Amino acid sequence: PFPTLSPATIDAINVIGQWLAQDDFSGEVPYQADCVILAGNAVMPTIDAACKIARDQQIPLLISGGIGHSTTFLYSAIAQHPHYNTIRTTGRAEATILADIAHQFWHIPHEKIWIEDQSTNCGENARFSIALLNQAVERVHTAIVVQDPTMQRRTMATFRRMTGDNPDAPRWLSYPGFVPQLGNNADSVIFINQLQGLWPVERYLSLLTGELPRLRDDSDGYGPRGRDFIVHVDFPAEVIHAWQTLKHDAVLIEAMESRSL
């Protein structure tokens, strides 16, 4: 089992988790939109959040994802799901599989599901979703973007690199579905969110820690001073402290490097 961690380290992980999940830019604008965009991922609570909104608001659901890094995770996440195991996986694009959940299980009509099944990474999820939105029949002014909580911040900064946005009137709203939180229990670390289908802690920590150098606006990052894939990200001082706390935690490094991430 994944080892127990110091309270300081738990706190730090939770600070960075919160920041990656919670979009500051759009603050707390109500989630009333013209379309919901589900970026390809494997986190079933997130995927269900997208379907639930499109269902409840009776708006179009645009599902974006072809084949890339998260595809085989999605395949596994379907196969272990107590209801969605009936959906065929191997060899299909992400968005095709996710449309089966939307239609077969959430009863969203075909005419309300738009499938973008060719993107191979975050930049293409966003670029290709924008391309499809720009072809719109009924013009889209506001869209809710639903992504794995660890990659939410990157994804919103990718969309915003492409179109810009207005802080007084955000066109891109952010709803990963939940704010991931860890805690110690019985000689191990567990999620405190009472949700099925979450990453193994080791995988969540690999993702969470993989995002930070991408977000960091230096020559090695995805920002304007690096690859120029995303807008400049300003790191809060609390997040920097949290990231240093992780980098200095020997128990944590040992756990993360001796295991499957």
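Heads up: residue numbers just count along the shown sequence, starting at 1.
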| item | value |
| --- | --- |
| Stretch with the greater mean C-alpha B-factor as recorded in the entry, comparing 210-218 against 59-67 | 210-218 |
| 11-19 versus 243-251 - which carries the larger mean C-alpha B factor in the record | 243-251 |
| Selection by C-alpha B-factor (highest) of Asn166, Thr89, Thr96, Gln118 | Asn166 |
| Ranked C-alpha temperature factor of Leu133 among modelled chain residues, by third | middle |
| Lowest, middle or highest third - CA B-factor, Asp48 | lowest |
| Within-chain third of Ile192 by Cα B-factor, per the entry | middle |
| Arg161, C-alpha B-factor rank within chain (lowest, middle or highest third) | middle |
| Entry-reported Cα temperature factor of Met151, expressed as the chain third it lands in | lowest |
